[PDB]
Each structure stands twice: as C-alpha cells, then as structure tokens.
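Chemist:
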Amino acid sequence: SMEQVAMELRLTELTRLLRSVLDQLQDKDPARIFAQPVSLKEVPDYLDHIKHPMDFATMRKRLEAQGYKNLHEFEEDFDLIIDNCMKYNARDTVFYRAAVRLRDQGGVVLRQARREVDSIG
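Using the entry's author numbering, you'd call the opening residue of the sequence shown number 22 and step up by one each time.
1. Below 7 Å CB to CB, which residues in the same chain sit around residue 144 once its five sequence neighbours on both sides are set aside?
2. Can you tell which of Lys90, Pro65, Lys82 has the C-alpha that lies nearest to the C-alpha of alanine 56?
3. Hey, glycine 127 and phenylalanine 95: beta-carbon distance below 8 Å or not?
4. Starting from the C-beta of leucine 84, find all residues in its chain whose C-beta is less than 7 Å away, skip the five residues before and the five after it, and write them out in chain order.
5. Taking only the alpha-carbon atoms, compute the straight-line gap between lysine 49 and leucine 123 and give it to the nearest angstrom.
6. Give every residue of the same chain whose Cβ lies closer than 8 Å to the Cβ of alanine 52, excluding the five residues on either side of it in the sequence, and list them in chain order.
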C-alpha cells in the first residue's frame, strides 16, 4: 500500500536522524570504552552481573536494520550502555568515570534530538 510506503519513509528518516545522534554520542567516548561488547573471553563472569549488555557497535547493527521504531527505544539502549558500566565498575575507575561523562555530554544531544523527532514528526 501507499500507507506502508509512507510509514517506511518515516522509519528511514528516523534512522537517518538516529545515525547522526549515534555519531554525536559516540564522539563523546573518545577512549572507545563503549565501542564494542564487553568480551566474555576477558570478563567471563560478566553475564552473572549484567543481564542486558549493550555497546555502540550493537546499537549500530540494530540501527542499520532499521530496528529502532522511535527515539525511546534508542535511548533505552544508550542508557543500558551507561547504567551497565556504572554497576559493574566502581566509582574510582576510568570506566565508571567515562560513563558519567558520556551521560552528561549525551544529555545535551538527546534533548535536541527529542525536539527534532517531535518537530519533524
């Protein structure tokens, strides 16, 4: 149907906007701490601690499959990256501190993304 096509164009355009958001958030992680999944070879107990692992490469795979229907879904995955790290790692670690700085810096990007998503529809 033509309606299905229009819906698909909306999804494609959301995917465009979320790709730009993802790039901007990942720039706030210049150490690349959150770039890839925590390795279960190197942290064998990780899934005993963290039930839903997340990282920027995993988000990018979902994004490119147009697997985010709305900004809320995308934000959920970004918050997992931060929240998982702040639980597994102690306050005094470079990992925890990186997550705090990512959260704080990412807030700005996400605040305007929300206005753009609502604005453009």
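Think of the CB as a built atom: it goes at the ideal place given N, C-alpha and C, for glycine as much as any other residue.
Modeler: Once the coordinates are examined:
1. In this structure the chain extends from 22 to 142, so residue 144 is not present and cannot be described.
2. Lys82
3. no
4. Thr36, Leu39, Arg40, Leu43
5. 6 Å
6. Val115, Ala119
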